[PDB]
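Asker: Have a peek at upload.txt (compact mmCIF, C-alpha atoms).
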```
# COMPACT_ATOMS: atom_id res chain seq x y z
CA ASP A 2 4.98 5.73 -12.69
CA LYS A 3 3.28 7.23 -9.59
CA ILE A 4 4.02 4.28 -7.36
CA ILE A 5 6.70 4.66 -4.73
CA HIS A 6 8.85 1.60 -4.45
CA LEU A 7 9.58 1.30 -0.71
CA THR A 8 12.39 -0.37 1.23
CA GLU A 9 13.19 -0.66 4.89
CA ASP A 10 15.60 2.23 4.95
CA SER A 11 13.20 4.35 2.97
CA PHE A 12 10.07 3.36 4.82
CA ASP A 13 10.37 5.96 7.57
CA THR A 14 11.19 8.72 5.02
CA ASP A 15 8.72 7.70 2.28
CA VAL A 16 5.82 6.87 4.53
CA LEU A 17 6.23 7.66 8.23
CA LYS A 18 7.38 11.23 7.43
CA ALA A 19 5.07 11.99 4.45
CA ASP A 20 2.70 15.00 4.57
CA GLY A 21 -0.45 13.22 3.40
CA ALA A 22 -2.02 9.91 2.43
CA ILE A 23 0.13 6.90 1.64
CA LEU A 24 -1.37 3.59 0.64
CA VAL A 25 1.25 0.88 1.50
CA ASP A 26 0.86 -2.50 -0.25
CA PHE A 27 2.65 -5.36 1.46
CA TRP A 28 3.05 -8.11 -1.11
CA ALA A 29 5.40 -10.86 -2.37
CA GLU A 30 6.14 -12.36 -5.84
CA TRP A 31 4.65 -15.90 -5.15
CA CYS A 32 1.31 -14.35 -3.98
CA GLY A 33 -1.25 -14.51 -6.81
CA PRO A 34 -3.80 -12.02 -5.31
CA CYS A 35 -0.94 -9.55 -4.74
CA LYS A 36 -0.27 -9.84 -8.42
CA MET A 37 -3.93 -9.55 -9.20
CA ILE A 38 -4.21 -6.13 -7.46
CA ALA A 39 -1.00 -4.70 -9.00
CA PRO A 40 -2.57 -3.54 -12.29
CA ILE A 41 -5.22 -1.97 -10.08
CA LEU A 42 -2.85 0.01 -7.87
CA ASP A 43 -1.63 1.62 -11.16
CA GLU A 44 -5.17 2.79 -11.92
CA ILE A 45 -5.58 4.04 -8.41
CA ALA A 46 -2.30 6.04 -8.27
CA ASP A 47 -3.49 7.69 -11.45
CA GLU A 48 -7.05 8.41 -10.26
CA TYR A 49 -5.95 9.46 -6.79
CA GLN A 50 -3.17 11.82 -7.96
CA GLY A 51 -3.19 14.71 -5.53
CA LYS A 52 -5.34 12.91 -2.97
CA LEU A 53 -2.84 10.19 -2.07
CA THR A 54 0.28 8.40 -3.11
CA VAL A 55 0.49 4.66 -3.70
CA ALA A 56 3.52 2.80 -2.39
CA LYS A 57 4.60 -0.86 -2.32
CA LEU A 58 6.86 -2.92 -0.10
CA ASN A 59 7.99 -6.45 -1.03
CA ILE A 60 8.20 -8.42 2.20
CA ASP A 61 10.74 -10.99 1.02
CA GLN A 62 13.17 -8.34 -0.20
CA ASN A 63 12.24 -6.15 2.73
CA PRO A 64 11.43 -8.68 5.52
CA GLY A 65 11.84 -6.44 8.64
CA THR A 66 9.17 -3.76 8.08
CA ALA A 67 5.91 -5.89 7.95
CA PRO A 68 6.02 -7.56 11.47
CA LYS A 69 6.22 -4.00 12.89
CA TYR A 70 2.58 -3.48 11.68
CA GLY A 71 1.63 -7.08 12.70
CA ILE A 72 1.09 -8.14 9.06
CA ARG A 73 0.41 -11.90 8.77
CA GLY A 74 -1.26 -12.40 5.41
CA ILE A 75 -0.78 -10.65 2.06
CA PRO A 76 -1.62 -8.56 0.24
CA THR A 77 -2.25 -6.17 3.07
CA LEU A 78 -3.23 -2.59 2.31
CA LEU A 79 -2.50 -0.06 5.11
CA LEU A 80 -3.70 3.52 4.61
CA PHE A 81 -1.36 5.92 6.45
CA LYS A 82 -2.36 9.53 7.05
CA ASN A 83 0.78 11.37 8.16
CA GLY A 84 2.67 8.23 9.23
CA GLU A 85 -0.35 7.01 11.27
CA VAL A 86 -2.21 3.84 10.15
CA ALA A 87 -5.74 5.14 9.53
CA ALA A 88 -7.16 1.88 7.91
CA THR A 89 -6.47 -1.84 7.16
CA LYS A 90 -7.65 -4.13 4.37
CA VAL A 91 -6.46 -7.77 4.15
CA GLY A 92 -6.61 -9.95 1.01
CA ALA A 93 -7.57 -8.84 -2.50
CA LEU A 94 -10.35 -6.72 -3.89
CA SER A 95 -11.56 -5.15 -7.05
CA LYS A 96 -11.22 -1.55 -8.26
CA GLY A 97 -14.74 -0.54 -7.05
CA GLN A 98 -14.07 -2.01 -3.67
CA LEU A 99 -10.72 -0.25 -3.41
CA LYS A 100 -12.29 3.04 -4.39
CA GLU A 101 -14.91 2.56 -1.68
CA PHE A 102 -12.23 1.77 0.95
CA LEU A 103 -10.30 4.90 0.00
CA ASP A 104 -13.17 7.39 -0.44
CA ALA A 105 -14.64 6.22 2.85
CA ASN A 106 -11.26 6.41 4.65
CA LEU A 107 -9.86 9.49 2.94
CA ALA A 108 -12.79 11.71 4.23
```
Just give me the structure as structure tokens.

Answerer:
Amino acid sequence: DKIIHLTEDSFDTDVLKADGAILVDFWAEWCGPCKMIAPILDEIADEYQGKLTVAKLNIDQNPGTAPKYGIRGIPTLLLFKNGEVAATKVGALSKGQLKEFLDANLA
């Protein structure tokens, strides 16, 4: 399991203070598309070992982190490079699309 399981006390440590690329996934259990991308995040964390880490925050369990990044709509994928939000993607996507997002924004 490569996926970091974030919280609101661990958000600053796990993400804001990381030395590298962190892909936060804001999601919730009732959200179908969130659930649709979850098997995919697994594939990504594997394929992007050593190029980024994948992390996940559940906004109902951890309700005070998401309005800080103006999230209104899930799933939202933020790419952070050293605690700075390099890139935003709202709603769901496929593997190929997610690759593209990452390759294009990792560079």

Asker: Counting all atoms listed in the file, which residue out of A:27, A:46, A:103, A:55 sits closest to residue 71 (chain A)?

Answerer: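 For residue 71 (chain A), the nearest of the candidates is A:27.
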
Asker: Taking only C-alpha atoms into account, which of A:83, A:66, A:77, A:59 comes nearest residue 16 (chain A)?

Answerer: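 The closest residue to residue 16 (chain A) is A:83.
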
Asker: Rounded to one decimal in Å, what is the spacing between CA of residue 26 (chain A) and CA of residue 78 (chain A)?

Answerer: 4.8 Å

Asker: Pick the closest to residue 6 (chain A) from A:35, A:87, A:70, A:54: which is it, counting all atoms listed in the file?

Answerer: A:54

Asker: Could you name the residues that touch residue 61 (chain A) at 10 Å or less, counting all atoms listed in the file, but leaving out those on the same chain fewer than 5 positions away, as a list in words?

Answerer: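 Listing them by chain and then by number gives residues 27, 28, 29, 30, 31 and 67 of chain A.
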
Asker: Could you give me, as a CSV table (one decimal) with C-alpha atoms, keeping the file's coordinate frame, the residues within 10 Å of residue 95 (chain A), counting all atoms listed in the file and dropping anything in the same chain fewer than 6 positions from it?

Answerer:
```
chain,number,residue,atom,x,y,z
A,37,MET,CA,-3.9,-9.6,-9.2
A,38,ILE,CA,-4.2,-6.1,-7.5
A,41,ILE,CA,-5.2,-2.0,-10.1
A,101,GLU,CA,-14.9,2.6,-1.7
```

Asker: Using all atoms listed in the file, find the one residue out of A:36, A:52, A:3, A:18 that sits nearest to residue 104 (chain A).

Answerer: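 That would be A:52, the residue with the smallest distance to residue 104 (chain A).
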
Asker: For the atom pair CA of residue 21 (chain A) and CA of residue 8 (chain A), what is the interatomic distance in Å to one decimal place?

Answerer: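 CA of residue 21 (chain A) sits 18.8 Å away from CA of residue 8 (chain A).
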
Asker: For residue 69 (chain A), which residue out of A:9, A:39, A:23, A:2 is the nearest one, using all atoms listed in the file?

Answerer: A:9

Asker: Expressed in Å to a single decimal, how great is the separation between CA of residue 84 (chain A) and CA of residue 4 (chain A)?

Answerer: 17.1 Å

Asker: Just checking: using only C-alpha atoms, which residue out of A:105, A:76, A:56, A:90 ends up closest to residue 17 (chain A)?

Answerer: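 Closest to residue 17 (chain A), using only C-alpha atoms: A:56.
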